[PDB]
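A.B. asks: After the structure tokens below, expect a handful of questions from me.
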Amino acid sequence: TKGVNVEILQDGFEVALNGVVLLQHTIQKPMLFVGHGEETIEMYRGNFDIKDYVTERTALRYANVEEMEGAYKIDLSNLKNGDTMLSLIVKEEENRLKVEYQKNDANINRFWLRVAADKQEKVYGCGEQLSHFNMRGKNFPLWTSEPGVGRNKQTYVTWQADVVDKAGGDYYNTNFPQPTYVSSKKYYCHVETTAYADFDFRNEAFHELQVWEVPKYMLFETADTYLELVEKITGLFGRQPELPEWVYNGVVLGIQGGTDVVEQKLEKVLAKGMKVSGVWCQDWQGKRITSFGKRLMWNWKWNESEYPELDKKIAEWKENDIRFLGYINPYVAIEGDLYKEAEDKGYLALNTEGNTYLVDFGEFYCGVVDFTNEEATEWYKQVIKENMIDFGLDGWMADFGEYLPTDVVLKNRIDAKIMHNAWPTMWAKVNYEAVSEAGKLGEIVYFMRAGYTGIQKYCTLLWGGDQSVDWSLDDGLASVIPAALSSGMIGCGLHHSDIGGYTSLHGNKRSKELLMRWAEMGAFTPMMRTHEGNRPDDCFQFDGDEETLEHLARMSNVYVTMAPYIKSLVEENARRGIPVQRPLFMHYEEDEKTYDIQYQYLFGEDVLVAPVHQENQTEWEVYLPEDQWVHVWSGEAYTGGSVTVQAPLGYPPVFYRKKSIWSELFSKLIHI
Amino acid sequence: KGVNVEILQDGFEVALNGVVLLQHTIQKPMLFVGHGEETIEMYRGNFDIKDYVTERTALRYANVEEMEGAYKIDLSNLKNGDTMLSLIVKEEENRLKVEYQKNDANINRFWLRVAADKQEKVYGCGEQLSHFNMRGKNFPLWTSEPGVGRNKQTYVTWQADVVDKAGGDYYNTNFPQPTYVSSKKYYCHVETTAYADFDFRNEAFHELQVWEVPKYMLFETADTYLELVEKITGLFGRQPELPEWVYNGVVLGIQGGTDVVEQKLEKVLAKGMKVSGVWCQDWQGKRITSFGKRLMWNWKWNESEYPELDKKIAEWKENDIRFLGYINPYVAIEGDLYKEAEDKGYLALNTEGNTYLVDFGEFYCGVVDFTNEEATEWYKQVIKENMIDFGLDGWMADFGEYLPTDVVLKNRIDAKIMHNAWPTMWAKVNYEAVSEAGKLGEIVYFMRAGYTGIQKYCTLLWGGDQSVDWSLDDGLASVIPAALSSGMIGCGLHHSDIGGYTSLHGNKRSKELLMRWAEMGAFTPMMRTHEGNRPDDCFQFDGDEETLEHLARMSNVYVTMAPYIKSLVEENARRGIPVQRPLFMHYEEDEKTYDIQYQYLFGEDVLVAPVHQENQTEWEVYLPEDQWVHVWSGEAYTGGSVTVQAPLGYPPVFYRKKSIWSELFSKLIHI
Ligand SMILES: *[C@@H]1[C@@H](N)[C@H](CS(=O)(=O)O)[C@@H](O)[C@H](O)[C@H]1O
Ligand SMILES: *[C@@H]1[C@@H](N)[C@H](CS(=O)(=O)O)[C@@H](O)[C@H](O)[C@H]1O
Ligand SMILES: [K+]
Ligand SMILES: [K+]
């Protein structure tokens with residue numbers, strides 16, 4: 001009943017952990033398949049066209065099981081007797097089910113495991129998912145990439161993104177895939193691989209996990225509660241630090257265009273009472289105009305012409321309690337000194353001809369710093385220590401990580417088809433080690449959009465990457481909510497988004513209303529930060545008018561008022577890996593409706609948030625689970641059920657539990 | 001000569017007349033078998049088809065045995081394993097024939113690799129509307145609505161998908177066929193009616209996927225493309241000669257009743273237009289939907305909408321004007337034919353045992369079950385009684401592509417196999433009604449759907465519904481590869497709606513497009529117009545004097561050329577050499593001609609390069625090495641790329657000086 005039971009039946013066998021039956025094999029219903037495929041992968045500016053051609057897929061119907069020193073060895077073939085094509089070790093290790101896999105045949109480069117399932121089972125995770133929190137009913141390729149603009153082939157924006165740039169994407173695309181899912185049966189499954197995989201949840205009777213290698217091993221672990229499960233899952237993958245205290249001082253203002261403009265906007269905003277934690281100037285190292293809009297010069301050193309006197313102003317701003325954040329990514333532009341330095345030292349990834357591999361990022365080309373080369377890794381970390389940390393940055397956006405082409409040649413001589421998905425975590429580790437080795441862990445925060453297994457430790461803060469500046473479900477304001485939920489279930493519990501979104505293309509322009517609604521949601525997350533977007537002049541900004549400025553100021557005061565509670569949530573995330581933004585089922589397991597909600601979240605245990613994610617709304621339907629709730633703005637009391645509440649601009653549908661030990665604090669929001 | 005099977009060290013090679021076709025080694029196996037679980041969703045003739053392949057087994061090991069003059073080949077996954085596929089390879093007629101037998105009932109997926117070269121081109125697979133040379137892509141073969149737009153990059157396609165799930169893609173067609181022709185001068189035919197997918201993406205082999213183990217395949221070589229198409233029509237069959245009356249000029253598409261027919265006829269005759277007949281698709285009744293002006297699907301003269309038609313038909317015949325109607329293989333629920341069929345049990349059923357009702361778009365119809373011989377004879381009698389005896393000289397025989405995969409048929413064969421068979425069965429109904437009435441060569445019907453065997457049963461193809469636009473994938477141009485592809489697999493009579501059909505998603509037919517389309521139509525077996533789905537949104541042939549005069553002129557071009565066109569139609573009947581021919585069919589040595597699909601040879605002696613783009617005054621044309629004469633100017637040209645003026649009324653058309661018809665073609669200078 002406890003631990004790993006392998007029951008041998010006449011048909012075949014069953015593997016169970018703590019009585020939860022996970023793996024079921026019979027001759028008639030086999031659980032494992034192996035085969036061969038020849039894939040075509042075309043990259044274009046971070047977008048991947050991936051087609052497989054499967055030449056063989058073989059059902060391993062016949063199993064021989066041997067009981068051994070606590071462990072089981074199972075040999076599998078296509079025919080009764082038959083040569084062994086796959087060999088399993090099934091064991092309990094550190095209280096988990098562990099299944100190790102060993103193949104004989106070098107031709108085998110395709111693997112499929114079926115895990116038993118029910119009609120009603122729901123599945124969550126697979127990294128940051130932007131369209132579907134509950135993944136049941138679809139299949140999810142797991143390949144880090146540009147997530148897509150629009151992400152739904154039915155919309156005009158997606159269509160145009162495909163037509164013009166091959167960039168529309170689809171429901172499964174993400175910067176942060178992960179071969180790890182959580183089941184409503186209260187276990188998680190992890191496949192240890194960095195190869196392409198595709199988790200297929202279309203079949204009622206089983207989930208099928210495809211991998212483009214035979215994975216070294218899988219881990220399963222069960223739990224009694226979702227709270228316990230996520231604690232165990234962060235036990236495996238790791239836990240994020242507490243955010244620096246200064247984050248709680250208010251909004252990180254996204255401002256570009258030089259020192260003078262930053263100073264003037266900081267003063268204008270402070271005067272209107274906005275609470276500011278810091279200013280984030282992504283163009284500190286230099287701007288770069290393309291047809292896409294205002295981008296950046298990818299050379300990670302202060303640009304004295306564009307940002308005069310930044311060295312002095314940073315310290316000046318610090319003495320007024322205003323921190324400074326910059327920008328870096330793992331690539332270096334050909335025009336810059338860092339590219340030149342790297343090339344001379346041999347720190348860049350190579351092509352088959354033995355020269356620098358140059359990647360198209362969109363009207364400019366850059367080298368890839370080869371993080372498989374430990375010397376190059378140390379070099380890039382010194383670049384961070386010297387040009388960012390010592391220069392007095394309190395943080396930065398650590399962008400990208402998803403653009404490794406499958407035809408690069410790396411120092412470690414491992415195939416790029418296997419290194420591609422590993423890159424985000426390697427990129428994270430670089431940031432983590434630079435910060436840690438400088439003794440700034442807990443004081444400097446960087447934020448990343450890309451990920452893979454293990455950023456649970458190495459990434460100090462996620463953001464949702466580039467959303468469209470619109471109200472679409474698949475790439476607008478709403479898409480952030482499943483993004484936070486999904487990422488929390490697999491152990492990344494600190495999440496935020498660009499206030500206003502980023503991507504202005506194909507006729508999408510950011511409206512005033514959208515910016516305000518986005519600030520409303522942002523105040524009920526770990527960090528409020530704004531972004532000018534790709535085309536600042538085409539998007540409404542926070543200083544676009546007095547009403548907007550005052551709206552953001554008000555929401556900044558909401559966040560700061562809640563700071564003590566949010567801190568407690570961030571400390572719980574650090575201690576037990578319980579995410580800041582939680583799915584409703586995590587606290588209402590017995591409520592069937594909560595397993596399919598993805599546009600509401602619990603902000604800690606005691607607050608329910610249901611952001612207005614549609615245009616031109618004055619009221620909003622909310623589902624409340626059975627508890628005693630208080631609408632934060634009105635003080636009106638509600639028990640469980642669907643309710644409509646008024647939600648004018650500035651008054652997001654947010655509720656707190658009357659039983660909260662924080663009720664005194666939440667009551668202060670009536671008067672703001 | 002004939003079939004040599006060489007046994008090599010690691011496998012075998014099968015050759016026919018020295019063309020090596022099949023190559024099997026343990027390392028490079030040619031046959032794979034497996035299991036799949038498919039999902040097929042139908043919506044108004046559009047099919048979403050996804051496969052889930054659970055097994056695919058490489059049959060690496062072959063044991064070859066002699067016999068009669070046949071060779072028996074047993075194939076397995078392991079050396080001396082259980083035999084999973086068994087072949088008989090033999091010469092029959094003068095063809096390579098490969099018969100296949102499986103043991104295991106679980107096997108429902110089959111893949112044959114046939115050896116290929118880097119530079120090989122492949123043609124056919126039925127009527128292909130986007131790609132004549134299919135090399136470099138894969139082609140599902142499942143009869144369906146062909147798509148509106150047919151290219152995901154265009155606005156029209158995008159909207160067709162968003163609103164109606166109807167955009168389709170490059171491979172969609174009403175007339176797929178599991179038959180291709182290789183530039184190595186052989187054709188390959190897979191005898192199946194199951195879903196198939198011919199994959200030409202690999203340099204070293206073509207892969208033919210079938211969702212069953214096919215009974216057999218046939219290969220045949222030839223020395224020339226002319227001989228190849230003769231042999232291929234030798235297998236599948238040959239079309240009759242068209243009726244003499246077709247060559248009297250344009251078949252006018254007119255709707256809206258007897259009086260409107262008379263008024264249009266008078267206006268057009270007075271402007272000197274040569275008219276062969278009138279085609280009134282609403283003779284049995286109209287039906288308005290949100291789609292536009294459609295039809296009431298009950299195949300009997302509608303006395304209210306077409307008063308006195310019985311008398312006018314004979315009157316028009318005395319003025320040398322024939323009459324054409326419309327039928328399809330479905331019956332509308334509101335009509336008497338539906339009621340009759342239901343009572344007699346002639347309709348296809350659902351799993352609950354009742355009439356299967358198919359959504360055709362805002363209306364529902366029953367499917368006449370041609371697997372029921374009694375129902376077949378019944379529908380043929382309906383044609384004899386209501387159409388032939390009523391005095392129709394022809395008709396559009398529409399549709400054939402909408403058999404749902406969950407229908408239940410009298411013969412109790414799975415609809416996944418009967419779906420692709422339906423077009424040919426539908427054709428056979430038309431053929432037998434006409435043949436049994438002794439009217440073959442006097443009555444002509446035209447169809448858009450097809451499968452293996454309409455080479456005999458379909459008297460005339462048309463390209464179906466094109467968009468009323470200039471797009472390559474669904475506009476005027478799309479017709480040309482459609483005719484070429486169809487000719488290579490033995491359907492040598494092809495035409496299109498003059499003006500196209502589909503007005504949707506902002507597409508409206510312009511004057512210019514109608515004129516350019518008439519220009520191409522004059523250099524095809526039949527000139528016929530169509531009002532389109534929304535007649536008031538499309539420019540018509542009587543839209544203005546310039547247009548009427550343009551069509552009159554083009555009608556005179558066609559009639560002047562009638563003797564030549566007749567000869568072409570006679571050659572198609574005798575030897576199966578198609579009326580519209582790829583340039584490589586007469587210039588085998590010219591490498592550029594194997595990739596041209598927007599030009600054709602109209603018989604041996606005329607090259608046509610239709611202007612298929614808007615607002616053009618001139619057009620670049622590729623001419624192979626010969627002595628050519630621009631039809632309109634008399635200017636002479638030898639081989640190469642050349643630009644010629646092509647104002648409206650003056651399509652880029654050339655004839656060979658050497659032609660025994662040069663006297664006739666000279667008359668076009670003055671017309
Ligand atoms: C990454 C990147 N798209 C932007 C920088 S740029 O230099 O590539 O333009 C950032 O502004 C985005 O926020 C981030 O997603
Ligand atoms: C078939 C069909 N689409 C039309 C008739 S209707 O009643 O379905 O509208 C014909 O007008 C079309 O030419 C033919 O493709
Ligand atoms: K995006
Ligand atoms: K079409």
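Letters A, B, ... mark the chains of the structure tokens in the order given; residue numbers begin at 1 per chain; ligand numbers begin at 1, in order shown.
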Might you pull out every residue within 7 Å of stretch 357-370 of chain A, with only C-alpha atoms counted and same-chain residues fewer than 2 positions away left off, and present them as a PyMOL selection string?
C.D. replies: chain A and resi 45+290+330-334+339+347-351+355+372-373+376+408+410
A.B. asks: Pick out the residues sitting within 9 Å of residue A:647, and hand them over as a PyMOL selection string; count only C-alpha atoms, and ignore anything fewer than 2 positions along from it in its own chain.
C.D. replies: chain A and resi 612+617-620+645+649-653
A.B. asks: Could the residues in this selection be written to a file with C-alpha atoms, as a tab-separated table (two decimals), in the first residue's frame?
C.D. replies:
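Generated output (out-v5.tsv):
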chain	number	residue	atom	x	y	z
A	612	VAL	CA	-11.14	42.00	-16.04
A	617	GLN	CA	-16.63	46.13	-19.15
A	618	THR	CA	-18.21	47.83	-16.13
A	619	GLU	CA	-18.97	44.58	-14.27
A	620	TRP	CA	-17.54	41.06	-14.10
A	645	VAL	CA	-19.86	42.57	-9.15
A	649	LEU	CA	-11.65	51.16	-13.86
A	650	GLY	CA	-9.54	51.13	-10.70
A	651	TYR	CA	-11.74	48.54	-8.94
A	652	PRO	CA	-10.67	45.01	-10.03
A	653	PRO	CA	-12.76	42.01	-8.91
A.B. asks: Would you mind telling me which residue in A:230, A:388, A:255, A:607 lies nearest to ligand 1 when using only C-alpha atoms and all ligand atoms?
C.D. replies: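 The shortest atom-to-atom distance to ligand 1 comes from A:255.
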A.B. asks: At a cut-off of 12 Å around ligand 3, and using only C-alpha atoms and all ligand atoms, what residues come up? Please write them as a PyMOL selection string.
C.D. replies: chain A and resi 46-47+129-131+145-152+157-158+161+167-175+449+463-470+472-477+479-480+483+497-498+501-505+534
A.B. asks: What's around residue A:77 at 10 Å? Count only C-alpha atoms, leave out sequence neighbours fewer than 2 positions away in its own chain, and write the answer as a PyMOL selection string.
C.D. replies: chain A and resi 32-34+58-64+75+79-87
A.B. asks: May I have the selected residues written with N, CA, C and O atoms, as a PDB file, in the first residue's frame?
C.D. replies:
ATOM      1  N   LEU A  32       4.720   0.702 -23.586  1.00  0.00           N
ATOM      2  CA  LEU A  32       5.940   1.274 -24.126  1.00  0.00           C
ATOM      3  C   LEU A  32       6.056   0.976 -25.619  1.00  0.00           C
ATOM      4  O   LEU A  32       5.749  -0.129 -26.066  1.00  0.00           O
ATOM      5  N   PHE A  33       6.488   1.994 -26.368  1.00  0.00           N
ATOM      6  CA  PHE A  33       6.780   1.871 -27.787  1.00  0.00           C
ATOM      7  C   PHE A  33       8.120   2.554 -28.030  1.00  0.00           C
ATOM      8  O   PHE A  33       8.445   3.524 -27.335  1.00  0.00           O
ATOM      9  N   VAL A  34       8.886   2.001 -28.984  1.00  0.00           N
ATOM     10  CA  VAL A  34      10.159   2.570 -29.393  1.00  0.00           C
ATOM     11  C   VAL A  34      10.162   2.636 -30.926  1.00  0.00           C
ATOM     12  O   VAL A  34       9.431   1.895 -31.590  1.00  0.00           O
ATOM     13  N   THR A  58       7.436   0.636 -32.810  1.00  0.00           N
ATOM     14  CA  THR A  58       7.314  -0.769 -32.462  1.00  0.00           C
ATOM     15  C   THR A  58       6.678  -0.877 -31.083  1.00  0.00           C
ATOM     16  O   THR A  58       7.167  -0.278 -30.132  1.00  0.00           O
ATOM     17  N   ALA A  59       5.618  -1.677 -30.973  1.00  0.00           N
ATOM     18  CA  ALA A  59       4.976  -1.925 -29.701  1.00  0.00           C
ATOM     19  C   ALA A  59       5.736  -3.007 -28.937  1.00  0.00           C
ATOM     20  O   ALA A  59       5.894  -4.133 -29.425  1.00  0.00           O
ATOM     21  N   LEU A  60       6.213  -2.661 -27.732  1.00  0.00           N
ATOM     22  CA  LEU A  60       6.890  -3.617 -26.874  1.00  0.00           C
ATOM     23  C   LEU A  60       5.852  -4.309 -26.005  1.00  0.00           C
ATOM     24  O   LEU A  60       5.653  -3.925 -24.849  1.00  0.00           O
ATOM     25  N   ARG A  61       5.218  -5.333 -26.597  1.00  0.00           N
ATOM     26  CA  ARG A  61       4.108  -6.038 -25.986  1.00  0.00           C
ATOM     27  C   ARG A  61       4.551  -7.055 -24.919  1.00  0.00           C
ATOM     28  O   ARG A  61       3.751  -7.395 -24.042  1.00  0.00           O
ATOM     29  N   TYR A  62       5.798  -7.555 -24.977  1.00  0.00           N
ATOM     30  CA  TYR A  62       6.179  -8.727 -24.191  1.00  0.00           C
ATOM     31  C   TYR A  62       7.214  -8.353 -23.132  1.00  0.00           C
ATOM     32  O   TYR A  62       8.306  -7.889 -23.459  1.00  0.00           O
ATOM     33  N   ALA A  63       6.856  -8.582 -21.858  1.00  0.00           N
ATOM     34  CA  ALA A  63       7.691  -8.201 -20.727  1.00  0.00           C
ATOM     35  C   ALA A  63       8.064  -9.425 -19.893  1.00  0.00           C
ATOM     36  O   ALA A  63       7.206 -10.263 -19.620  1.00  0.00           O
ATOM     37  N   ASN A  64       9.344  -9.492 -19.481  1.00  0.00           N
ATOM     38  CA  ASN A  64       9.835 -10.427 -18.480  1.00  0.00           C
ATOM     39  C   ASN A  64      10.249  -9.624 -17.247  1.00  0.00           C
ATOM     40  O   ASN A  64      11.101  -8.755 -17.373  1.00  0.00           O
ATOM     41  N   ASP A  75      12.448  -6.557 -18.845  1.00  0.00           N
ATOM     42  CA  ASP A  75      12.935  -6.608 -20.215  1.00  0.00           C
ATOM     43  C   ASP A  75      11.746  -6.702 -21.172  1.00  0.00           C
ATOM     44  O   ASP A  75      10.789  -7.435 -20.918  1.00  0.00           O
ATOM     45  N   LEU A  79       8.161  -9.418 -29.762  1.00  0.00           N
ATOM     46  CA  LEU A  79       7.631 -10.775 -29.918  1.00  0.00           C
ATOM     47  C   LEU A  79       7.867 -11.576 -28.630  1.00  0.00           C
ATOM     48  O   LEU A  79       8.788 -11.265 -27.871  1.00  0.00           O
ATOM     49  N   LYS A  80       7.029 -12.611 -28.398  1.00  0.00           N
ATOM     50  CA  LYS A  80       7.160 -13.496 -27.246  1.00  0.00           C
ATOM     51  C   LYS A  80       8.519 -14.189 -27.333  1.00  0.00           C
ATOM     52  O   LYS A  80       8.895 -14.717 -28.377  1.00  0.00           O
ATOM     53  N   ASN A  81       9.273 -14.160 -26.229  1.00  0.00           N
ATOM     54  CA  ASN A  81      10.726 -14.253 -26.259  1.00  0.00           C
ATOM     55  C   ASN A  81      11.190 -12.953 -26.881  1.00  0.00           C
ATOM     56  O   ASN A  81      10.983 -11.915 -26.273  1.00  0.00           O
ATOM     57  N   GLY A  82      11.752 -13.002 -28.095  1.00  0.00           N
ATOM     58  CA  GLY A  82      12.283 -11.824 -28.778  1.00  0.00           C
ATOM     59  C   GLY A  82      13.515 -11.218 -28.089  1.00  0.00           C
ATOM     60  O   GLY A  82      13.656 -11.316 -26.874  1.00  0.00           O
ATOM     61  N   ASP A  83      14.384 -10.564 -28.871  1.00  0.00           N
ATOM     62  CA  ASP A  83      15.502  -9.815 -28.317  1.00  0.00           C
ATOM     63  C   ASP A  83      14.960  -8.639 -27.502  1.00  0.00           C
ATOM     64  O   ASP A  83      13.952  -8.032 -27.864  1.00  0.00           O
ATOM     65  N   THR A  84      15.647  -8.324 -26.402  1.00  0.00           N
ATOM     66  CA  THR A  84      15.343  -7.166 -25.576  1.00  0.00           C
ATOM     67  C   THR A  84      15.660  -5.862 -26.314  1.00  0.00           C
ATOM     68  O   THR A  84      16.791  -5.614 -26.698  1.00  0.00           O
ATOM     69  N   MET A  85      14.646  -5.007 -26.457  1.00  0.00           N
ATOM     70  CA  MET A  85      14.785  -3.725 -27.139  1.00  0.00           C
ATOM     71  C   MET A  85      14.804  -2.581 -26.131  1.00  0.00           C
ATOM     72  O   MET A  85      15.390  -1.530 -26.410  1.00  0.00           O
ATOM     73  N   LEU A  86      14.168  -2.790 -24.971  1.00  0.00           N
ATOM     74  CA  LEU A  86      14.213  -1.812 -23.898  1.00  0.00           C
ATOM     75  C   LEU A  86      14.227  -2.524 -22.550  1.00  0.00           C
ATOM     76  O   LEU A  86      13.462  -3.463 -22.332  1.00  0.00           O
ATOM     77  N   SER A  87      15.075  -2.042 -21.637  1.00  0.00           N
ATOM     78  CA  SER A  87      15.231  -2.659 -20.327  1.00  0.00           C
ATOM     79  C   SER A  87      15.019  -1.603 -19.243  1.00  0.00           C
ATOM     80  O   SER A  87      15.623  -0.522 -19.289  1.00  0.00           O
TER      81      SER A  87
END
A.B. asks: If DSSP is run on the backbone, what residues of stretch 5-145 of chain A are strand (DSSP E or B)? A reply as number ranges by chain would be ideal.
C.D. replies: A: 5-8, 12-17, 20-26, 32-37, 40-44, 47-51, 54-59, 62-67, 72-77, 86-93, 96-103, 110-116, 123-127, 139-142
A.B. asks: Counting only C-alpha atoms, a student should be able to say which residues of chain B come within 9 Å of chain A; what is the right answer, written as a PyMOL selection string?
C.D. replies: chain B and resi 32+34+53-58+152-155+158-159+161-162
A.B. asks: So that I have them on file, write out the residues from the current selection with N, CA, C and O atoms, as a PDB file, in the first residue's frame.
C.D. replies:
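The file below, part09.pdb, is the result:
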ATOM      1  N   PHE B  32       6.622  -1.106 -45.722  1.00  0.00           N
ATOM      2  CA  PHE B  32       6.314  -0.964 -44.310  1.00  0.00           C
ATOM      3  C   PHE B  32       4.828  -1.193 -44.126  1.00  0.00           C
ATOM      4  O   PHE B  32       4.064  -0.887 -45.021  1.00  0.00           O
ATOM      5  N   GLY B  34       1.628  -1.264 -40.813  1.00  0.00           N
ATOM      6  CA  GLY B  34       1.399  -0.778 -39.459  1.00  0.00           C
ATOM      7  C   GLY B  34      -0.073  -0.610 -39.098  1.00  0.00           C
ATOM      8  O   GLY B  34      -0.955  -1.136 -39.779  1.00  0.00           O
ATOM      9  N   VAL B  53      -0.705   7.092 -35.582  1.00  0.00           N
ATOM     10  CA  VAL B  53      -0.027   5.860 -35.947  1.00  0.00           C
ATOM     11  C   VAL B  53       0.557   5.220 -34.687  1.00  0.00           C
ATOM     12  O   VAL B  53       1.435   5.803 -34.050  1.00  0.00           O
ATOM     13  N   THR B  54       0.073   4.015 -34.362  1.00  0.00           N
ATOM     14  CA  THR B  54       0.505   3.283 -33.174  1.00  0.00           C
ATOM     15  C   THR B  54       1.624   2.290 -33.512  1.00  0.00           C
ATOM     16  O   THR B  54       2.494   2.031 -32.680  1.00  0.00           O
ATOM     17  N   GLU B  55       1.622   1.764 -34.743  1.00  0.00           N
ATOM     18  CA  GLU B  55       2.687   0.880 -35.201  1.00  0.00           C
ATOM     19  C   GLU B  55       3.073   1.184 -36.651  1.00  0.00           C
ATOM     20  O   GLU B  55       2.212   1.493 -37.479  1.00  0.00           O
ATOM     21  N   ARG B  56       4.379   1.104 -36.922  1.00  0.00           N
ATOM     22  CA  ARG B  56       4.878   1.051 -38.284  1.00  0.00           C
ATOM     23  C   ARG B  56       6.105   0.141 -38.285  1.00  0.00           C
ATOM     24  O   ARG B  56       7.090   0.420 -37.600  1.00  0.00           O
ATOM     25  N   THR B  57       6.021  -0.938 -39.072  1.00  0.00           N
ATOM     26  CA  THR B  57       6.990  -2.019 -39.043  1.00  0.00           C
ATOM     27  C   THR B  57       7.717  -2.063 -40.380  1.00  0.00           C
ATOM     28  O   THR B  57       7.091  -2.124 -41.431  1.00  0.00           O
ATOM     29  N   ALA B  58       9.045  -2.040 -40.332  1.00  0.00           N
ATOM     30  CA  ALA B  58       9.859  -2.133 -41.537  1.00  0.00           C
ATOM     31  C   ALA B  58      10.013  -3.603 -41.913  1.00  0.00           C
ATOM     32  O   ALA B  58      10.511  -4.386 -41.120  1.00  0.00           O
ATOM     33  N   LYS B 152      -3.199  29.245 -47.362  1.00  0.00           N
ATOM     34  CA  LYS B 152      -3.388  29.781 -46.028  1.00  0.00           C
ATOM     35  C   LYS B 152      -2.830  31.200 -45.913  1.00  0.00           C
ATOM     36  O   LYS B 152      -3.179  31.916 -44.966  1.00  0.00           O
ATOM     37  N   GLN B 153      -2.010  31.624 -46.877  1.00  0.00           N
ATOM     38  CA  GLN B 153      -1.456  32.971 -46.840  1.00  0.00           C
ATOM     39  C   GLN B 153      -2.437  34.038 -47.310  1.00  0.00           C
ATOM     40  O   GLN B 153      -2.241  35.208 -47.010  1.00  0.00           O
ATOM     41  N   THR B 154      -3.514  33.676 -47.997  1.00  0.00           N
ATOM     42  CA  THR B 154      -4.399  34.692 -48.561  1.00  0.00           C
ATOM     43  C   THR B 154      -5.573  34.930 -47.616  1.00  0.00           C
ATOM     44  O   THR B 154      -6.032  34.013 -46.919  1.00  0.00           O
ATOM     45  N   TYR B 155      -6.091  36.164 -47.701  1.00  0.00           N
ATOM     46  CA  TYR B 155      -7.216  36.620 -46.919  1.00  0.00           C
ATOM     47  C   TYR B 155      -8.427  35.728 -47.154  1.00  0.00           C
ATOM     48  O   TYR B 155      -9.161  35.422 -46.213  1.00  0.00           O
ATOM     49  N   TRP B 158      -8.064  32.299 -45.377  1.00  0.00           N
ATOM     50  CA  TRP B 158      -8.139  32.564 -43.949  1.00  0.00           C
ATOM     51  C   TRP B 158      -9.600  32.731 -43.503  1.00  0.00           C
ATOM     52  O   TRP B 158     -10.057  32.053 -42.569  1.00  0.00           O
ATOM     53  N   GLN B 159     -10.344  33.593 -44.208  1.00  0.00           N
ATOM     54  CA  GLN B 159     -11.747  33.814 -43.881  1.00  0.00           C
ATOM     55  C   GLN B 159     -12.603  32.573 -44.130  1.00  0.00           C
ATOM     56  O   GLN B 159     -13.544  32.319 -43.390  1.00  0.00           O
ATOM     57  N   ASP B 161     -11.651  29.520 -43.825  1.00  0.00           N
ATOM     58  CA  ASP B 161     -11.391  28.689 -42.645  1.00  0.00           C
ATOM     59  C   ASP B 161     -12.124  29.228 -41.414  1.00  0.00           C
ATOM     60  O   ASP B 161     -12.834  28.459 -40.768  1.00  0.00           O
ATOM     61  N   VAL B 162     -11.948  30.523 -41.109  1.00  0.00           N
ATOM     62  CA  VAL B 162     -12.518  31.119 -39.905  1.00  0.00           C
ATOM     63  C   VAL B 162     -14.042  30.946 -39.909  1.00  0.00           C
ATOM     64  O   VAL B 162     -14.612  30.476 -38.927  1.00  0.00           O
TER      65      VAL B 162
END
A.B. asks: Find the residues near ligand 4. Use a cut-off of 7 Å, count only C-alpha atoms and all ligand atoms, and write them as a compact mmCIF listing (two decimals) with C-alpha atoms, in the first residue's frame.
C.D. replies:
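Result file follows (part-v4.txt):
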# COMPACT_ATOMS: atom_id res chain seq x y z
CA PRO B 146 -11.41 21.59 -52.93
CA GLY B 147 -11.30 24.70 -50.76
CA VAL B 148 -12.07 28.39 -51.28
CA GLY B 149 -8.70 30.11 -51.73
CA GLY B 464 -15.52 23.00 -60.33
CA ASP B 465 -15.85 26.18 -58.30
CA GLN B 466 -12.97 28.61 -58.70
CA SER B 467 -12.94 31.86 -56.79
CA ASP B 474 -8.15 29.16 -56.72
A.B. asks: Which residues come within 8 Å of stretch 167-177 of chain B, counting only C-alpha atoms, excluding same-chain residues fewer than 2 positions away, as an NGL selection string?
C.D. replies: :B and (46 or 124-131 or 138-152 or 156-161 or 164-165 or 179 or 401 or 448-452 or 464 or 473)
